[PDB]
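Structure first, then comments.
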Amino acid sequence: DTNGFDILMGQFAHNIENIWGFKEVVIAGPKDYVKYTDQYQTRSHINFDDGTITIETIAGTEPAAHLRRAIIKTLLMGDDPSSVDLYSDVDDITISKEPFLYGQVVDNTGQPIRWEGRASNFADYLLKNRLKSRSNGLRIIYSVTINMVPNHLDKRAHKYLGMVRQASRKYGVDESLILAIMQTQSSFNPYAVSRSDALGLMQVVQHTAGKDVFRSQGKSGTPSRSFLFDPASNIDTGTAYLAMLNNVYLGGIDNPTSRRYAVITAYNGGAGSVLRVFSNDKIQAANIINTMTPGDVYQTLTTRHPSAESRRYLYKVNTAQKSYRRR
Ligand SMILES: CO[C@@H]1O[C@H](CO)[C@@H](O[C@@H]2O[C@H](CO)[C@@H](O[C@@H]3O[C@H](CO)[C@@H](O[C@@H]4O[C@H](CO)[C@@H](O)[C@H](O)[C@H]4NC(C)=O)[C@H](O[C@H](C)C(=O)O)[C@H]3NC(C)=O)[C@H](O)[C@H]2NC(C)=O)[C@H](O[C@H](C)C(=O)O)[C@H]1NC(C)=O
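One rule links them: number in the deposited numbering = place in the sequence shown (from 1) + 32.
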């Protein structure tokens, strides 16, 4: 095991904790892109659920200078998530004719940003007119907040719809379920990384779901971090696990709506945990489910299942699915 990945997460967080204070240890998550540059002095934070871009620095020397730098690079960054290291300070951000953010944010001119010229003017504007300052209690932080367009979610999702269509046809899993999961888990952030090393758009863990999927396809080993950070691959894997959950691990459930509630919960909690909500023996755990209505099942799962994380998850995913379901 290269748990030596845990180690440099530990090293990463401690390097930040040293420089920013334990009060300011902001680190990438499933719905939050956070990239440190300039030796942990400058950080760029995209918050994908709230539609905000926050670019901070704590450097006491020419803060505007390299706020400007992060601002231009972040706006123009070409999404290759598999080549970006959010647990590192090395600048592995690349400028692209087609920035990942293109269309999700407009300058104060109202124009989408794709050229270094326009990006530059916009940085200069923000620096002159929206420069903010804060202090942790012990040292001064300079920042710029950039609001993303109101329909930024839809813009982002548009990138992956084709993949979702394909995966859905392939594995017989509803588009709306894939989209509802993906939205809930990452808000369609391809750089998404969790505290349990779930990876990518559909937040797939390598040694559990990833391993199962490979095995179920005559394939050997476990998907790498590069693989699960490639949109197409990740969505195909996640969707495959959705199908594996639905046919194999939870096929005992007869009612498709009840199976779905079970499948959704299990995607986050494991089918094991889900079955052991009805009882320790998979057999009549399944038929206790076969006695209840789906409203029951959704009830019993949203209230009486161990992981609080899961109980909210099922509520969340079903709530999103209802909006992606109608066409
Ligand atoms: C962003 O939030 C994170 O979301 C992730 C999902 O989007 C979620 O990851 C999921 O976590 C659960 C466990 O927490 C995990 O479920 C396990 O899955 C494996 C693989 O199918 C099961 O192991 C198999 O068990 C069967 C029999 O049941 C065996 O026959 C088979 O051989 C086993 N295969 C392997 C490779 O071991 C496992 O079943 C256990 C062993 C059991 O029956 O008791 C499941 N666990 C449980 C408890 O049932 C799920 O697959 C995993 N990944 C995905 C893509 O869904 C994150 O959860 C993390 C890991 C967490 O625990 O916090 C979510 N949270 C975070 C913080 O990242």
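Idealized CB from N, CA, C, for every residue including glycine.
Any non-hydrogen atom of ligand 1 within 7 Å of residue i CB
i         : result
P62       : yes
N221      : no
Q249      : no
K348      : no
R227      : yes
residue 7 : Since the first residue of the chain shown is 33 and the last is 359, residue 7 is not available in this structure.
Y299      : yes
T335      : no
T240      : yes
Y65       : no
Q143      : no
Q353      : no
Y119      : no
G304      : yes
Inter-residue spacing [alpha-carbon to alpha-carbon] between residue i and residue j
i    : j    : result
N161 : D262 : 38 Å
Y203 : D64  : 29 Å
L99  : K164 : 11 Å
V295 : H184 : 28 Å
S228 : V237 : 8 Å
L346 : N35  : 30 Å
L333 : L307 : 10 Å
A264 : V205 : 16 Å
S258 : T323 : 44 Å
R201 : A96  : 50 Å
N287 : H239 : 30 Å
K251 : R166 : 52 Å
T69  : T89  : 9 Å
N47  : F37  : 15 Å
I39  : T141 : 45 Å
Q331 : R343 : 10 Å
Residues near residue i in its chain [Cβ-Cβ closer than 6 Å; skip 5 each side]
i    : result
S339 : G301
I78  : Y65, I85
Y356 : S208, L211, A212
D124 : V116, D117
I173 : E88, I90, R166
Cβ-based neighbour list, residue i, same chain, cut-off 8 Å, excluding 5 preceding and 5 following
i    : result
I145 : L107, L108, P131, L133, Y134, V137, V138, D139, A151, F154
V181 : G83, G135, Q136, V137, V138, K187
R336 : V309
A45  : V57, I59
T216 : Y345, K348, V349, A352
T126 : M109, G110, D112, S115
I285 : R291, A294, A318, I321, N322
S218 : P62, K63, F80, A224, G232, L233, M234, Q235
Close Cβ partners of residue i (< 7 Å) along its chain, the five nearest in sequence each way excluded
i    : result
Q353 : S208, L209, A212
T289 : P326
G253 : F246
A303 : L277, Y281, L282
Given residue i as reference, the closest of the options once Cα atoms are compared
i    : options               : result
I267 : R171, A224, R308, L99 : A224
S128 : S256, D33, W147, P113 : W147
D111 : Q249, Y299, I39, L233 : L233
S256 : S114, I39, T93        : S114
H190 : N221, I125, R201      : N221
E341 : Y192, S305, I285      : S305
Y299 : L277, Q73, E94        : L277
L170 : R75, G92, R101        : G92
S120 : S219, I172, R75, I104 : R75
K105 : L231, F37, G149, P62  : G149
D156 : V122, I173, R101      : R101
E94  : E49, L159, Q249, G242 : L159
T297 : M41, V329, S248       : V329
Count the CB pairs spanning the segment 196 to 216 and the segment 37 to 54 that are closer than 8 Å, and state whether there are at least three. Too few Cβ pairs lie closer than 8 Å, so no.
Count Cβ pairs between the segment 190 to 200 and the segment 266 to 278 that sit closer than 8 Å; are there 3 or more? At 8 Å Cβ cutoff, the stretches touch.
Sufficient close CB pairs (3 or more, under 8 Å) joining the segment 163 to 177 to the segment 305 to 322: At 8 Å Cβ cutoff, the stretches do not touch.
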